[PDB]
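Only one chain is given next, in structure tokens, and it is the form deposited in one PDB entry.
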């Protein structure tokens, strides 16, 4: 017996009223598929949302441990297993996902087959194992037949575009996603829908359309119970306030930390956000990470040093940052900090160039503001704001 059902039966010996509470929580309408689930091995709810909501209702502290056991025990060819693979990916439960994947790639069901391979393509692209060109050739070679996977094959390319700083393809790619054509797996449709709101909030942030950003993240929140999406919605809300409302941006980051105390990844993400926030407002920055050699962390070290006129320390940092390799968005930021160290307009224009390449209208405000402080002509600034890169 899987740990989840040992637990809910011993919990039922001691309280009988749980049966109708669990049946409401799972939206089951009558405890009969709940009897079925507890008494017969391999019996599966119809929608994965039922046991997830029970596990979150009754056993939240233990959610990972209980569904790592439930998920790695399901029949991989079933609909629950396919749902489990989406559950795994959305929570960054890569240990449950990679095992589910390398068992669906080999299995006998051609619907779980393709879920497996598409998610494998995703996870190889994420870990820089294959190029963007490999990913799209392997997906095309797959002849995707499910509506779920034609949705997710575009979702995975959006994730890659977002993390590489290649924002200009995203608005067009996301508009082709149509989730209303998923009729089979309502767990996958509800979760994918949450991914889109989160991504759409991301796209509107990089378009400097900040109210629509906050509105999309907020719809994202009201739509989900997955902690990962809540994390990135509070992150996105707070980033949208970076230039306008220090207190409210900080409040959103702290909210994200408070719900993610367990996780070291989520902890560092909000910590890095608070670090950029305090550098932007030129405040004392307790969130610098000095024992790191990632570009994000070294740039925030330079930025703070620059803010406090420690140009030797800043130049040393920017010396290190030179012997490293930047994506476009990262180079924009690099040129911006070089412009503030050396007070050189050409670094700010170089910074504007790469911001234009990556189609980031949000952070391009940092070089634009510095150029105006240097008395740059306002018409030229207008013209910079309106011209685009190829």
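Rigid core here is just the name for the largest C-alpha set that superposes within 1.5 Å across the two forms. Residue numbers count along the first chain shown, from 1.
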Original post:
Which is higher on average in the deposited entry, the C-alpha temperature factors of 378 to 386 or of 5 to 13?
Top reply: 5 to 13
Original post:
Can you tell me which stretch has the higher mean Cα B-factor, 27 to 35 or 338 to 346?
Top reply: 27 to 35
Subject >> Residue, from 204, 315, 283, 141, that the PDB entry assigns the highest Cα B-factor >> reply: 141
Original post:
Among 248, 227, 269, 76, which carries the highest Cα B-factor?
Top reply: 76
Original post:
What third of its chain, lowest, middle or highest, does the C-alpha temperature factor of residue 52 fall into?
Top reply: middle
**OP:** Classify residue 58 as lowest, middle or highest third according to the C-alpha B-factor given in the PDB entry, relative to its own chain.
**Re:** highest
**OP:** Check where residue 40 lands among this chain's C-alpha B-factors and tell me if it's the lowest, middle or highest third.
**Re:** highest
**OP:** Can you work out whether the C-alpha temperature factor of residue 66 puts it in the lowest, middle or highest third of the chain?
**Re:** highest
**OP:** Could you tell me which third, lowest, middle or highest, the C-alpha B-factor of residue 175 occupies within its chain?
**Re:** highest
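One more form of this protein should be noted, the form deposited in another entry, which is absent from this view; the next part is about it.
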**OP:** Give the option from 178, 211, 319, 222 whose C-alpha shifts by 2 Å or more between this form and the one not shown; the alignment is on the rigid core.
**Re:** 319
